[PDB]
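The chain below stands alone, shown as structure tokens; this is the form deposited in one PDB entry.
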């Protein structure tokens, strides 16, 4: 069975094996196609539970140890599978939907949920979180997408774009110099 909803889905895993999960899911759900993709824990990241970075090539996934270590297994697994769908669309040159999570995303999302009983979702909060999260997102198109601890992200409560108004702006200009493309609000 490919079912993931077992006894232990709603419970914290003190010793997750992220590499093993990746290998398993590449084989079971992505037809082996994610060979070039790598997956790492971050002990530093907090703006996102999960991210991808694409060299535009090699694809990287990062999972937030701060946000996931104490959460139920299901949240690690659903976050990882969400990121692997983005990775798959990148690897297969099928990431041309206008939306972040357009029809292509929902096909894999819906399909993997069918196979496993999981609930991968198009939103990037946890199912139990309330509505007190920042909705306006930018991502830098410079090298800092790969750079810890923000991976290019800026998440704000209003449409307040990254600018010289920001205390960190001059630094980012020197250390990256990329431009902040609007994504969430």
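Take the two forms, superpose them, and find the largest set of C-alpha atoms that agree within 1.5 Å; that set is the rigid core. Residues that one form lacks are left out of the comparison. Numbering follows the first chain given and starts at 1.
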Task: Residues of the deposited sequence that sit between residue 57 and residue 56 yet are not modelled - done: 1 to 3
TODO: Name the higher of the two by mean Cα B-factor in the PDB entry, 150 to 158 versus 122 to 130.
DONE: 122 to 130
Open item on the list: If you take the mean CA temperature factor per stretch, which one wins between 23 to 31 and 134 to 142?
Closed with: 134 to 142
Open item on the list: Lowest, middle or highest third: which one holds residue 96 when the chain's residues are ordered by CA B-factor from the entry?
Closed with: highest
Open item on the list: Is residue 37 in the lowest, middle or highest third of its chain when residues are ranked by C-alpha B-factor?
Closed with: middle
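Quick note: we don't show the form deposited in another entry, though the next part is all about it.
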TODO: Considering only 46, 125, 28, 119, single out the residue whose C-alpha is displaced by at least 2 Å between the shown form and the other one after superposing the rigid core.
DONE: 125
- [ ] Since the Cα separation of residue 47 and residue 131 moves by 3 Å or more in that other deposited form, tell me which way: closer or farther than here.
- [x] closer
Task: Pairwise C-alpha change, residue 129 versus residue 108, in that other deposited form against this form - closer or farther, 3 angstroms or more - done: farther
Open item on the list: Report the shifted segments between the shown form and the other one, defined as three or more consecutive common residues with all CA displacements of at least 2 angstroms relative to the rigid core fit.
Closed with: 124 to 133
